[PDB]
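Student: After the C-alpha cells below, expect a handful of questions from me.
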Amino acid sequence: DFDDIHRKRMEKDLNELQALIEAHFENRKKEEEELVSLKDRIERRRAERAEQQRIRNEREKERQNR
Amino acid sequence: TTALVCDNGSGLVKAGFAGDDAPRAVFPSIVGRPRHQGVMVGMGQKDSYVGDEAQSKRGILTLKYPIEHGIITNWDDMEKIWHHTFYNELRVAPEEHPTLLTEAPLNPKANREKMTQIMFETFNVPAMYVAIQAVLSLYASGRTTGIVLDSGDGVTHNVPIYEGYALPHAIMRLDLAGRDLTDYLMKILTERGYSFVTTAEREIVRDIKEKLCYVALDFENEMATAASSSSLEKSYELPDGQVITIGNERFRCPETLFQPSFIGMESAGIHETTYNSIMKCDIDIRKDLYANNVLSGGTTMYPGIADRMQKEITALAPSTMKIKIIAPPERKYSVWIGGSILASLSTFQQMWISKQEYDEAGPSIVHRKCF
Amino acid sequence: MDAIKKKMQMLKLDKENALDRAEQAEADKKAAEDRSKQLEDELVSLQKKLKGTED
Amino acid sequence: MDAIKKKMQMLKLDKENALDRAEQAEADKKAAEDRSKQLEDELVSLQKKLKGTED
Ligand SMILES: Nc1ncnc2c1ncn2[C@@H]1O[C@H](COP(=O)(O)OP(=O)(O)O)[C@@H](O)[C@H]1O
Ligand SMILES: [Mg+2]
C-alpha cells in the first residue's frame, strides 16, 4: 500500500499536463484563426450582396417610378 | 467476470465496472411523475422520468428523491432507479455480475436487509456485498490509518480507523449535509427578494450553491467586509434571464457546517465532531489520526474548507501535534474509486455473499460474518 | 480554462509536499540538537564527578 | 495574460524555498547526529577512566 500512489499520480502529473497543453494548442490553432478568416470572407460576400441589392433596388425603382 | 461497483448515495448515483478510475455513469437520483394534464395525443409521454432525463423535463415534473438521509424511504422508486442504472446507463444485465453497494454507518438494519433482498430476488445478481462508505474513501487515499470525514449530500459521518482496525465506539454520525445547506440557502435568498418554492427550483438553488458559495476562513471578518465594500457580490443568470446578485449569502450558506445552530440543530459543527471523534480513541493513536485527517464526499468541495477546518482543529488540538488535512482533488468520487479498488482485490474475492448462502439463511445473512 | 487549472493543482501539490518536508526536517533538527546538547551536559556532569573522585 | 505568470512564479518560489530550507535542516541534523555520536564515544571512555579511578 501507498506504493501505487506514485504509479497513479506521477503518470498524470506530467502526461495529463502535456496532453492538455497539446489539446489547447491544437484547438486554438484550428479554431481562432480559421474563424476570423471565415468571418472576414463572409463579410466580403455580405458587402457584395449589399452592392447587388442596391443596384437592383435602384434600377427597379427607376423603371417602376410612374 | 467483472464486478459492478454501484454506489447509491443520496443525490447522485455513481456506478461503473470495477477496476477503472472514474464511474461510468453519474446522474441525479430523482424520480418525477408529471403533474399537469397533457393534451397532445401520441406524444409518447411516460409515467415517470428517472435519472438525468428528469433534470431536463423538470419544468413540468415533481421531482422527489427516494433517499432522505442515508436511509431509503420509498422502495418502489429506489427499485426503479436501480433498474434504470443497470439497464440503460450501463446496459449490462445483472444476472452475470457481482454488485458492491455502499451504505452509511449506523443505518437501520431493515434498510440493508431490504436492499439485499431486492438485489437477490428482483435483479437476481450472482453475489452482492455491502460496505461502509468511509472505509472505501480511506482505500482511495492509499492510506491504512486516518479519520475520514465523509460529508455527503444526505448524511455526514466521521469514521476513525487505525492500522486497519476500525473503532466502532468512535463513529460520530451527524445528519447535516448538502441537502440541508440547499434548503438553508433557499431560505436566506428570500432576504433579497428571490423566492424559490417549487421542487424544481430547488435544483436551481443547488446550482447556485455549487457555483458561487465558498467557506470563509474567518466568519466575523467576512461578515464585516461584505457589509462595507461590494467586492463579494457575484451575479448569476437564472435559466430564463433576470440575473441575481448574491451578497453575503455566499459564505453564510456553507457556514452552517461549522455552526449547526443556524438551521436550529443543536450539535456541534464538523470542526468539533472530528475532534470529539478523535478524543474518544485511545491515547496512543491520537497523533496518527491528527496527522492523517481525510476529507471526502461531495459537500467537502467548497473552496476554502481545507483551511478553515485545519485552523479550527489546530485551535482545539494540543499545540504540539501536527494537524494535516488530506483533500485530494478527486474528492467527489473518492468513495467510488475506493470501491473499485476494493472490488479489484484478490484477497476480497471470497467475501461476497454468494446466492446459495442467502438461500440458506435468508436476508439476515448480511449482519452475519459476511458483513 | 481547463489545462491551466490542472497545472496549477500540480504546482500546489509540489508546494504542499515541499513545505511539509521542510517543516518535518526542521523539527528533526530541533530534536537532534536537543539530544546532542543534553548528552553534552551529561558529559560535563561526568567530568565534574570525576573531578570530585580525583579529589 | 498577467495572473498566471505571477501566481506560477510565486508558487515555484515557495517550492524552492521549502526545498532549500529542508536541505539546510537535514545537513545540520546530520552534523549534529555525528557530533552526538562523538559525545557518546568519549563519554563511554570517560566513564571507564572514572571507574578505574574509583577502584
Ligand atoms: N463543486 C461543488 N461545490 C459545492 N458543493 C457541491 C459540489 N459538488 C457537489 N456538491 C454538493 O454535494 C452533493 C453531492 O454529494 P455526493 O458526494 O454526490 O453525495 P453522495 O454521498 O450521496 O454521493 C450535491 O448535492 C451538492 O450539494
Ligand atoms: Mg457518499
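Labeling convention for the C-alpha cells: chains A, B, ... as they appear, residues from 1 per chain, ligands from 1 in order of appearance.
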Neighbouring residues of ligand 1 are defined here as those with any atom at most 6 Å from a ligand atom, counting only C-alpha atoms and all ligand atoms; list them as a PyMOL selection string.

Tutor: chain B and resi 9-12+152-154+178+206+210+297-299+301-302+332

Student: Would you mind listing, as an mmCIF file with N, CA, C and O atoms, in the first residue's frame, all residues of chain D that have at least one atom within 6 Å of chain C, where only C-alpha atoms are what counts?

Tutor:
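This went into part_26.cif:
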data_model
loop_
_atom_site.group_PDB
_atom_site.id
_atom_site.type_symbol
_atom_site.label_atom_id
_atom_site.label_comp_id
_atom_site.auth_asym_id
_atom_site.auth_seq_id
_atom_site.Cartn_x
_atom_site.Cartn_y
_atom_site.Cartn_z
ATOM 1 N N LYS D 15 7.966 26.523 -3.520
ATOM 2 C CA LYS D 15 8.532 25.177 -3.550
ATOM 3 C C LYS D 15 10.045 25.212 -3.363
ATOM 4 O O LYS D 15 10.606 24.426 -2.585
ATOM 5 N N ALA D 18 10.979 26.083 0.312
ATOM 6 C CA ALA D 18 10.799 24.949 1.206
ATOM 7 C C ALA D 18 11.885 23.904 0.991
ATOM 8 O O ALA D 18 12.432 23.360 1.960
ATOM 9 N N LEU D 19 12.227 23.619 -0.266
ATOM 10 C CA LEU D 19 13.238 22.605 -0.533
ATOM 11 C C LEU D 19 14.585 22.990 0.071
ATOM 12 O O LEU D 19 15.213 22.183 0.769
ATOM 13 N N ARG D 21 15.272 25.108 2.462
ATOM 14 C CA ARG D 21 15.199 25.098 3.916
ATOM 15 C C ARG D 21 15.301 23.677 4.457
ATOM 16 O O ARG D 21 16.013 23.428 5.436
ATOM 17 N N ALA D 22 14.609 22.734 3.815
ATOM 18 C CA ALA D 22 14.678 21.344 4.244
ATOM 19 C C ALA D 22 16.094 20.799 4.119
ATOM 20 O O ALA D 22 16.571 20.066 4.994
ATOM 21 N N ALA D 25 18.223 22.142 6.925
ATOM 22 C CA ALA D 25 17.871 21.488 8.181
ATOM 23 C C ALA D 25 18.449 20.084 8.255
ATOM 24 O O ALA D 25 18.973 19.679 9.293
ATOM 25 N N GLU D 26 18.358 19.325 7.159
ATOM 26 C CA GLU D 26 18.869 17.957 7.158
ATOM 27 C C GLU D 26 20.389 17.924 7.276
ATOM 28 O O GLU D 26 20.951 17.029 7.921
ATOM 29 N N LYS D 29 21.086 18.511 10.814
ATOM 30 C CA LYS D 29 20.710 17.305 11.543
ATOM 31 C C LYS D 29 21.804 16.247 11.462
ATOM 32 O O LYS D 29 22.154 15.633 12.477
ATOM 33 N N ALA D 32 24.838 17.406 13.575
ATOM 34 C CA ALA D 32 24.552 17.262 14.996
ATOM 35 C C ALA D 32 24.536 15.798 15.411
ATOM 36 O O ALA D 32 24.999 15.455 16.501
ATOM 37 N N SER D 36 26.936 14.138 18.133
ATOM 38 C CA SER D 36 26.351 13.404 19.248
ATOM 39 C C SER D 36 26.996 12.035 19.392
ATOM 40 O O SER D 36 27.257 11.569 20.505
ATOM 41 N N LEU D 43 32.135 9.819 26.069
ATOM 42 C CA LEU D 43 31.538 9.652 27.388
ATOM 43 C C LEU D 43 31.759 8.243 27.922
ATOM 44 O O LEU D 43 31.952 8.059 29.129
ATOM 45 N N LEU D 50 36.769 6.907 34.913
ATOM 46 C CA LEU D 50 36.187 7.194 36.219
ATOM 47 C C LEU D 50 36.084 5.934 37.068
ATOM 48 O O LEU D 50 36.359 5.958 38.274
#

Student: Can you tell me, as a PyMOL selection string, what residues are no more than 8 Å from residue B:8 when counting only C-alpha atoms, ignoring any on the same chain fewer than 4 positions away?

Tutor: chain B and resi 12-14+101-103

Student: Can those selected residues be exported to a file as a compact mmCIF listing (two decimals), in the first residue's frame so that it contains N, CA, C and O atoms?

Tutor:
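This is the output file again_2.txt:
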# COMPACT_ATOMS: atom_id res chain seq x y z
N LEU B 12 -26.65 11.80 -6.00
CA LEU B 12 -26.01 11.39 -7.24
C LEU B 12 -25.68 9.91 -7.15
O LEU B 12 -24.94 9.50 -6.25
N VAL B 13 -26.21 9.12 -8.07
CA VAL B 13 -25.89 7.71 -8.15
C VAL B 13 -24.66 7.55 -9.02
O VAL B 13 -24.65 8.00 -10.17
N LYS B 14 -23.61 6.93 -8.49
CA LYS B 14 -22.36 6.75 -9.20
C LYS B 14 -22.11 5.26 -9.37
O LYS B 14 -22.10 4.52 -8.39
N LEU B 101 -22.71 -2.67 -3.21
CA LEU B 101 -23.38 -1.47 -2.77
C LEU B 101 -22.60 -0.80 -1.65
O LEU B 101 -21.65 -1.36 -1.10
N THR B 102 -23.01 0.42 -1.31
CA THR B 102 -22.40 1.14 -0.19
C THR B 102 -23.50 1.70 0.70
O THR B 102 -24.58 2.04 0.22
N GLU B 103 -23.21 1.79 1.99
CA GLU B 103 -24.19 2.16 3.00
C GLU B 103 -23.54 3.02 4.06
O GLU B 103 -22.39 2.76 4.45

Student: Tell me as a ChimeraX atom specification which residues belonging to chain B come within 12 Å of chain C, counting only C-alpha atoms.

Tutor: /B:291,320-330

Student: Between B:335, B:217, B:138, B:283, which residue has the minimum interatomic distance to chain A, considering only C-alpha atoms?

Tutor: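 Distance minimum relative to chain A lands on B:138.
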
Student: Pick out the closest residue to ligand 2 from this set: B:95, B:79, B:218, B:150. Count only C-alpha atoms and all ligand atoms.

Tutor: B:150

Student: How close does chain B get to chain A? List, as CSV, each residue of chain B within 8 Å, its nearest atom pair and the distance in Å to one decimal, counting only C-alpha atoms.

Tutor:
residue,atom,partner,partner_atom,distance
B:142,CA,A:2,CA,5.1
B:143,CA,A:2,CA,6.3
B:144,CA,A:1,CA,7.9

Student: Would you mind exporting the chosen residues as an mmCIF file, in the first residue's frame, restricted to N, CA, C and O atoms?

Tutor:
data_model
loop_
_atom_site.group_PDB
_atom_site.id
_atom_site.type_symbol
_atom_site.label_atom_id
_atom_site.label_comp_id
_atom_site.auth_asym_id
_atom_site.auth_seq_id
_atom_site.Cartn_x
_atom_site.Cartn_y
_atom_site.Cartn_z
ATOM 1 N N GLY B 142 -5.117 5.596 -0.402
ATOM 2 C CA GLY B 142 -3.922 4.796 -0.320
ATOM 3 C C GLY B 142 -3.326 4.715 1.064
ATOM 4 O O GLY B 142 -2.191 4.267 1.216
ATOM 5 N N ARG B 143 -4.070 5.139 2.076
ATOM 6 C CA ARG B 143 -3.616 5.057 3.456
ATOM 7 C C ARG B 143 -4.030 3.720 4.041
ATOM 8 O O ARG B 143 -4.599 2.863 3.361
ATOM 9 N N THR B 144 -3.715 3.549 5.317
ATOM 10 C CA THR B 144 -4.278 2.481 6.117
ATOM 11 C C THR B 144 -4.695 2.939 7.500
ATOM 12 O O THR B 144 -5.237 2.133 8.261
#

Student: When you count only C-alpha atoms and all ligand atoms, which of these residues is closest to ligand 2: B:278, B:181, B:43, B:104?

Tutor: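 For ligand 2, the nearest of the given residues is B:104.
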
Student: In Å to one decimal, how far is atom CA of residue B:94 from atom CA of residue B:44?

Tutor: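 These atoms are spaced 27.8 Å apart.
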
Student: Up to 8 Å from chain C, what residues of chain A turn up? Count only C-alpha atoms and give them as a PDB file with N, CA and C atoms, in the first residue's frame.

Tutor:
ATOM      1  N   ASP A  13       0.711  13.460 -13.566  1.00  0.00           N
ATOM      2  CA  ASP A  13       1.318  14.721 -13.158  1.00  0.00           C
ATOM      3  C   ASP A  13       2.023  15.396 -14.325  1.00  0.00           C
ATOM      4  N   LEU A  17      -0.792  17.033 -18.049  1.00  0.00           N
ATOM      5  CA  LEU A  17      -0.488  18.433 -18.325  1.00  0.00           C
ATOM      6  C   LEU A  17      -0.034  18.621 -19.765  1.00  0.00           C
ATOM      7  N   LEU A  20      -3.015  18.042 -22.227  1.00  0.00           N
ATOM      8  CA  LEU A  20      -3.967  19.148 -22.228  1.00  0.00           C
ATOM      9  C   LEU A  20      -3.376  20.387 -22.887  1.00  0.00           C
ATOM     10  N   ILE A  21      -2.076  20.630 -22.695  1.00  0.00           N
ATOM     11  CA  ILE A  21      -1.426  21.732 -23.404  1.00  0.00           C
ATOM     12  C   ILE A  21      -1.483  21.499 -24.909  1.00  0.00           C
ATOM     13  N   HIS A  24      -5.052  22.184 -26.073  1.00  0.00           N
ATOM     14  CA  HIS A  24      -5.340  23.609 -26.139  1.00  0.00           C
ATOM     15  C   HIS A  24      -4.661  24.251 -27.342  1.00  0.00           C
TER      16      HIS A  24
END
